[PDB]
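Peer 1: Please read through the structure below; I'll follow up with questions.
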2 protein chains.
Amino acid sequence: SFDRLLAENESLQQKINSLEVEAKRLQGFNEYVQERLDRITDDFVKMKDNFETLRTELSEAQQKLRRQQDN
Amino acid sequence: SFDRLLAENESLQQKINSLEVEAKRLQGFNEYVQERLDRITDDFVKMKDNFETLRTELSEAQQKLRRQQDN
């Protein structure tokens, strides 16, 4: 009577193979990336803000240093 | 006869709910993150190498500029 669900039984098992291999491996990667997703941000976003300071300063500094840079 | 597989039939369907919702959503995130994983790297790794140059230069530049910075 419930023979179609039996036909789906062999279908489920093989269909899940694509899922268990995918979702799990994914989670491992998402676990890995999450570490650097946060860690990179700080050193990145802060160093950009910190970079403009060094940039403008040095950018003018360089034009003056080419005149007298410990000379 | 194959009644146990029928018992597993109702088990498969409900077990896959946790997978289809997980793996797929994951893939969407991994698709998203992949864009920034590469994009951040360049601006990050290169700006670090570029930062040491600006750092040392300005670091000495600042000590000289406090003597004469367009004065």
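Peer 1: Please report, for residue A:59, the nm distances (one decimal) from its label point, 7 Å out from Cα along the beta-carbon direction, to the equivalent points in the remaining copies, shortest first.
Peer 2: Ordered by distance, the counterparts are at 2.2 nm.
Peer 1: Take the alpha carbon atoms of the protein assembly as shown, find their radius of gyration, then divide it by 2.2 N^0.38 Å using N residues; give the quotient.
Peer 2: Here the Cα radius of gyration is 2.01 times the empirical estimate.
Peer 1: Hey, which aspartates and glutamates would be in cross-link range of residue A:24, C-alpha to C-alpha under 17 Å, not counting anything within fewer than 8 residues on its own chain?
Peer 2: List returned: B:20, B:22, B:31.
Peer 1: Right, something else. Tell me, in nm to one decimal, what length is gained between residue B:13 and residue B:55 on full extension, where the rule is 0.36 nm per residue of separation less the Cα-Cα distance?
Peer 2: 9.2 nm
Peer 1: Between residue A:24 and the same site in the other copies, what are the distances in nm, shortest first, taking label points 7 Å from Cα along the C-beta direction?
Peer 2: 2.1
Peer 1: On to the next question. Quick check on the exposure proxy: order A:10, B:20 from fewest to most C-beta atoms within 10 angstrom.
Peer 2: Least to most surrounded, the residues fall as A:10, B:20.
Peer 1: Sticking with this structure for a sec: Round to the nearest 10 and give me the degree value, 0 to 90, for the angle of helix B:3-65's Cα axis relative to the longest principal axis of chain B.
Peer 2: 0
Peer 1: Place the label 7 angstrom along Cα→C-beta at residue A:13 and in each other copy, then list the distances from the first to the rest in nm, shortest first.
Peer 2: 1.9
Peer 1: Under 17 Å from the 7 Å Cα→Cβ point of residue B:69, by amide nitrogen: which residues of region A:36-58?
Peer 2: Counting backbone N atoms under 17 Å from the label point, the list is A:50-58.
Peer 1: Straight distance only, please: which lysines reach the Cα of residue B:64 with their own Cα at less than 30 Å, same-chain residues fewer than 8 apart left out?
Peer 2: Hits, sequence-local ones excluded: A:46, A:48, A:64, B:46, B:48.
Peer 1: Starting from 0 in steps of 5 Å, tell me what percent of the Cα-Cα pairs of chain A lands in each bin.
Peer 2: Values per bin, smallest distances first: 4, 12, 9, 8, 8, 8, 7, 7, 6, 6, 5, 5, 4, 3, 3, 2, 2, 1, 1, 0.
Peer 1: Another question, if that's okay. With a Förster radius of 25 Å, plug the Cβ-Cβ distance of residue A:43 and residue B:30 into 1/(1 + (r/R0)^6) and report the FRET value to the nearest 0.05.
Peer 2: Here the calculated transfer efficiency is 0.65.
Taken together, the values in this text are just the output of simple stated rules run on the coordinates, not laboratory data. Backbone-built Cβ (ideal geometry, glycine too); neighbour counts: all protein chains shown.
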